[PDB]
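The form solved without the ligand is given below as one chain in structure tokens.
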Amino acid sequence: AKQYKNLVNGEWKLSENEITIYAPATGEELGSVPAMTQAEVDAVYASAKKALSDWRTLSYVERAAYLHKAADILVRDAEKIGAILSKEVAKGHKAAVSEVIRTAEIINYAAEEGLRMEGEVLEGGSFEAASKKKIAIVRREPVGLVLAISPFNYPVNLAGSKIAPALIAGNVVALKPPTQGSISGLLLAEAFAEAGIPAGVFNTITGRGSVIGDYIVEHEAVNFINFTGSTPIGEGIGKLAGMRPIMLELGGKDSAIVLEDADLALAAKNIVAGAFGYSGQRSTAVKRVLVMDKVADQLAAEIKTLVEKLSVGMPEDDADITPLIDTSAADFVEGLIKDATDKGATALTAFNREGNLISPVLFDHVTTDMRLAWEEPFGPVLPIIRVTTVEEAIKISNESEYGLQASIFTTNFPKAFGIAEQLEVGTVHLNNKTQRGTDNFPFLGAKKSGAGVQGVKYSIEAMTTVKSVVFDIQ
């Protein structure tokens, strides 16, 4: 029952009230985080804006040095941090440690990507002859204070994915972790503090949404909002963003389109790995199979045999399927399962629920009148929807309010490229499950899946602006 503290202007601060964090899989009390007041948020932001001047005027090399050091510390403490991250969000122990290792890779990569970013020289004479001696020297500058809001399912990886790109460009950062995941976010903060990040350059905020939820976003000191979480929450942030740029990484309902010529065993392997990873609690994940009917029976059988083998149990045992993050999540997933059952879908694997541990449910013969065809479960349930034409698969895919990623399984890549052109998604994976990585690749979602382009170099670009200095050569 350790009492965790926020990093504020280089110091660690409790608050008068606290929030106790329990492990979703066991109920174990993991500790508490501060329930900051609005005035304490004011001090976090005041500290950040004060530190911005000296931070942005450091060299890229100096800023990159802090990031690399913090990544080295994360690697050192990956087992320690991952062990707690596992408990806090009911993520498998090994996956939790992997998340911290991956966070280190992102931080190091962002440091080296950002430090060699360049400006441009534009010629007046490109546009008008009379300005041929007028040139613009266009250099990059930070946007200022970035509010990073990490999600429960990747409370270290999708905190670092915002912090490091922000910091290399000369921004200051305040991290608001989710309450479930606040310990892991504060453990990440410990690595940055030990790396010697200058006071105020990076700070953390924890507290109850009823007290500081909107206040942290509406605060005029914030110049940029970088958020990962649910679609409805992301929509609420867009309403509070005003003129300030935002990045939103929200939900998905990624389709896996399986054509008649697909390698059905490989498609099943990727589909199951992608759909049921972390019990389906991922934005990027196969969430519906759109399969040509000629291969639907064989594919359903190949998916069923794998889903039946998934382990269902506790995070400490590295179970494939772990308890969902809270009771509301499991209730919602059970409801989608019940709707599909009641509307006549075929349950190829049996629904079971012990507490919030839902066994993985595979439905065949899902029709688009069923909620499970569209709504994001964030739970271990996968529908198979049979189609008769590629055109019908494209229409059903694009009919979703979500547009994060898609997978296309086929041996005809020229056709798959033509399909990918028509899919309203950010990324199409050919003969592979959907995935955010590799983290240098762009990561973006269309429609209700978010706004902005992430991936390392793209997140740095998003959190930098330009300063043009124009003069006339004589």
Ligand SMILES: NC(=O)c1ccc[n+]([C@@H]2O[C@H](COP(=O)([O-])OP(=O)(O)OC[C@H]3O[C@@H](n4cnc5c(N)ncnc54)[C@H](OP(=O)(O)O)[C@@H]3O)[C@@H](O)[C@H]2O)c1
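Each residue number is its position in the shown sequence, starting from 1. Between two forms, the rigid core is the largest collection of C-alphas that superpose within 1.5 Å. Only residues modelled in both forms are compared.
There is another form of the same protein, the form solved in complex with the ligand; it is not shown, and what comes next is about it.
Out of the stretches listed (185-193, 67-75, 338-346, 202-210), which one is close to the ligand in the bound PDB entry, meaning heavy atoms within 4.5 Å? Answer to the contact question: 202-210.
If you check in the bound PDB entry, is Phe443 within 4.5 Å of the ligand, heavy atoms only? So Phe443 counts as contacting the ligand.
Proximity of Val222 to the ligand in the bound PDB entry, heavy atoms at 4.5 Å: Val222: no, not in contact with the ligand in the bound PDB entry.
Just checking whether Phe227 would be counted as a contact of the ligand in the bound PDB entry - the rule being heavy atoms within 4.5 angstroms. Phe227: yes, in contact with the ligand in the bound PDB entry.
Using heavy atoms and a 4.5 Å limit, would one call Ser131 a contact residue for the ligand in the bound PDB entry? No - in the bound PDB entry, heavy atoms of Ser131 and the ligand never come within 4.5 Å of each other.
Interface residue in the bound PDB entry among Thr305, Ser359, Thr179, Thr367, criterion: non-hydrogen atom within 4.5 angstroms of the ligand: Only one option qualifies, and that one is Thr179.
With the ligand left out of view, choose which of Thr103, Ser150, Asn171, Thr322 has a non-hydrogen atom within 4.5 angstroms of it in the bound PDB entry. When the ligand is considered in the bound PDB entry, the option within 4.5 Å is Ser150.
Would all three of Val217, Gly251 and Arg436 be in contact with the ligand in the bound PDB entry, where contact means some heavy atom lies within 4.5 Å? Yes: each residue has a heavy atom within 4.5 Å of the partner.
Of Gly209, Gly196, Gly344, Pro232, only one moves its C-alpha by 2 angstroms or more between this form and the one not shown once the rigid core is aligned, so tell me which. After core superposition, the single residue displaced by 2 Å or more is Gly209.
After fitting on the rigid core, list every run of 3 or more consecutive residues where each C-alpha shifts 2 Å or more between this form and the one not shown, in sequence order. Moving stretch: 209-211 alone.
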